[PDB]
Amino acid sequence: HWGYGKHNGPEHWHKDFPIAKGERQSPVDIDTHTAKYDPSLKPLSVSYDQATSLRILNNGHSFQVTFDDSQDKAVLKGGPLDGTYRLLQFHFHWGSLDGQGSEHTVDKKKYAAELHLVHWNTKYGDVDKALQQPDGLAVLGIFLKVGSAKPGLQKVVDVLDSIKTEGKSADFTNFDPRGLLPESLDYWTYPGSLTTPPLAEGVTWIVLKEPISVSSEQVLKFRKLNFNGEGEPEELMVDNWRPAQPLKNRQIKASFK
């Protein structure tokens, strides 16, 4: 029922999900001049060498690549995090034009797209329990700008023609998510929420400072996806982003000066 259109988009979500107007909603604008460098923050540990990707799915909102999270194979540790967070899936948000598509903004700047790598805290045993905890989830957010092609994204782009419509899935084994990371792990962090229903307020956000570059041809292939199911009127999957939400009583911390 929820989506990104005039009649079902972000301004409507609070009716089914009242936490949409909560105290720790995401995304937010990252004001680089009010974010506090926190020298007590540790380096982030991204340990993706043993990652086991499974499937790629058009879920009617985005496309997602799912991972085996039955063991510590692809984990995030350190930075602002206590303990070990397992990678469950990644997905993207993107625009109809190159000047919009990101959910987070940086000094009000919107990027062409944003990659979200979703992780859950292993002390809660499964993602369904983790979703109910204020420290249950950690999302690593990476901005996309249009420039040079990202070679590590091409295997994703090339399969999207096989998952054009809602509910379509395909095998997507042996994908290495290390190929989606920028050089630097410098980040901003703040407590927030999922940016899609159910908008659960259990996410530690880690947003990397350095965007990755993707080619115009790569992002054009995202924009050929459909929100609709096979047989329904064709509605291009574009502008599947939630805008910035009130910061309220929150501090954004930076890992870098």
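Residue indices: 1-based, along the sequence shown.
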{"item": "Between the two ranges 59 to 67 and 40 to 48, the one averaging a larger CA B factor in the entry", "value": "40 to 48"}
{"item": "139 to 147 versus 71 to 79 - which carries the larger mean C-alpha B factor in the record", "value": "71 to 79"}
{"item": "Given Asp171, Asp107, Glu103, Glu183, the residue at which the Cα B factor reaches its maximum", "value": "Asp171"}
{"item": "Residue with highest C-alpha B-factor in the PDB entry, from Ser26, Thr34, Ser213, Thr189", "value": "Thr34"}
{"item": "Modelled-residue ranking by C-alpha temperature factor, third containing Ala112", "value": "lowest"}
{"item": "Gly125, C-alpha B-factor rank within chain (lowest, middle or highest third)", "value": "middle"}
{"item": "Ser53 CA temperature factor, ranked by third within the chain", "value": "middle"}
{"item": "Cα B factor band for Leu208 (lowest, middle or highest third within the chain)", "value": "lowest"}
{"item": "Assigned third (lowest, middle, highest) for the C-alpha B factor of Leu160", "value": "middle"}
